[PDB]
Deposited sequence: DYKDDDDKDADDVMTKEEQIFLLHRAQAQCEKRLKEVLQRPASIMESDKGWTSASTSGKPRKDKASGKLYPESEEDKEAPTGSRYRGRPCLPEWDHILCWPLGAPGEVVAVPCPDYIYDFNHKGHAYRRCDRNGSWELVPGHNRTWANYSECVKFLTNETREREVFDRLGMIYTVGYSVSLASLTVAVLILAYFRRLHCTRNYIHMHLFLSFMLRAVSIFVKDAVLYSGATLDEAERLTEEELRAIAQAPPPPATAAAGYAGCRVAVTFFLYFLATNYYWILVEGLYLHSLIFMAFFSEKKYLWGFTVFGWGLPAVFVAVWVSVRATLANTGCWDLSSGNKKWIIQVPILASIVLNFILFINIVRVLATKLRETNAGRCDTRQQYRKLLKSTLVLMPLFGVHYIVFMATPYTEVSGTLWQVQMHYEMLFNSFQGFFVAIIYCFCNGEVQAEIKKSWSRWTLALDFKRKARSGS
């Protein structure tokens, strides 16, 4: 919360007031100065005054009470490693998926058009974290990396909603005019995230401008997460409806065999609908020391990283229709 810059400013103000100054306080017991954030403020610093009216030399001073409040390094760096590998293969697999579904004219169905946008959306989320990592862990220079991270993260959590809405509209709308609302989806996938991201930049540039906008400012952090968390509950509701309907379709095509295919179809739908997030959606900012906090971050980073990898394998590599174009172009090329 209190930046190093603010803490320097507070000491500088105290220095200008003093202008003996010992580099921390203007001088015997002196209450540990309020302007030093990390000091113990119920304690005193001590000096000794001579009978001769000179400060006692070795100048002798005792700040032991002030420093009363003055292990965690290995904890976060565990989380860093698990996703960097995960998002690496996610970027490697997805870049293949977009190029395969680029120059194949026969694969340009409006379904594969949403797949292009979701793959492209996972590109940005897989690189904007690397840019954020490079900028921060490796002054508007920094604030663009944070702001592009929030936008390229909101789009991936709305482009999963767009794709789940598209599959849900194909089923629950009787002969859904797919091409009529195709334009509306693409504006909602990319444009709607920018509505609140820009609003969050508005509220975090004119009211709480301190540092690189990388610290919580109370309710100001809900301008991004709440609208993202509205596409995790909504996508879970769509996934419940679609799995409900696919059960009905298998029921009226056998019982146990249909029950099986139902499980197989549900497992390949989980990556695309992103029903991973609903597990720890409700979790608020818990203490890092919490047992809950450690497990849900280890889960989340290990699953979001390969979510792009799982989607690319399921929906672009082990796809019957897509492999048909490769084998036809395999004959025409060899």
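- Residues of the deposited sequence missing from the coordinate set occupy positions 1-12, 32-92, 101-108, 140-144, 157-160, 229-259, 375-379, 461-473.
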